[PDB]
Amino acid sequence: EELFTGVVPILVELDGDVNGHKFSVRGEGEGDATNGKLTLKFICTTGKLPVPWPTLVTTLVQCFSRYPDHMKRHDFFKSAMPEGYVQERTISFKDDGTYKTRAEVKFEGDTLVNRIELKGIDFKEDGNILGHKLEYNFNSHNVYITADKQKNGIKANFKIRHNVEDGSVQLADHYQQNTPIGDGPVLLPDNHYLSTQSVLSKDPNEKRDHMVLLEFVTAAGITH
């Protein structure tokens, strides 16, 4: 919490396997929780990414959300720091495959590190994911968080809306659970949500398959 007062370096490491296609992503940048802001560049270090970059955005550090003062009692993510938390998700792409992800989010020295294993199964070879038919952009979402007292953690549920190149929308249902790594006490929040926004771009000097991401997230849903 006091660990987030300024700008914090971020490292993201993802190992993925989707319908047997193996890939790795490495991301580097910084987080400014005071303003809810993330600035990162991600590289596919194994060559071509076999799924669209937008499908990995949510997997690729909610401790950088801005929690307003009146919500300070509800910030599980920072309260678990520095020892961190496990973040697990199931992502269900409507009429296509699923991702299962397990990550650890924790400080390693001065750097906030998100280390992820992703397994994707049951994707259509000519669907929107393996067929690379999703637009290179991101919509603004609401991440609904609830406490899971018995697990000493939280759950989240939300839908990601991926614009498709034919003008339709590909929904991705997100089920999420977070548990602390360490033994120290954490905050168990009242129901609230994170309001998100982001933009995806390219670095014209970067020849590797990559994504530049700028993201802003603020907590809300508890009136002062």
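So that there is no doubt, residue numbering starts at 1 and follows the sequence shown. Here the rigid core means the biggest group of C-alpha atoms that line up within 1.5 Å when the two forms are laid on top of each other.
- Greater C-alpha displacement in 4 other deposited structures of this protein (rigid core superposition, RMS over structures and residues), of 182-190 versus 50-58: 182-190.
- In the deposited entry, the stretch joining residue 60 to residue 61 is interrupted by 1 to 3 residues of the deposited sequence lacking coordinates.
- Here 77-85 and 142-150 are compared by their mean Cα B-factor, and 142-150 comes out higher.
- Remark: stretch with higher mean C-alpha B factor among 213-221 and 3-11 is 3-11.
- Split the chain's modelled residues into thirds by C-alpha temperature factor. Residue 45 is in the highest one.
- Per-chain ranking of the deposited C-alpha B factor places residue 189 in the middle third.
- The entry lists a Cα temperature factor for residue 137 that places it in the lowest third of the chain's modelled residues.
- For residue 164, the recorded CA temperature factor ranks within the middle third of the chain's modelled residues.
- In this PDB entry, the Cα temperature factor of residue 103 sits in the bottom third of its chain's modelled residues, the lowest group.
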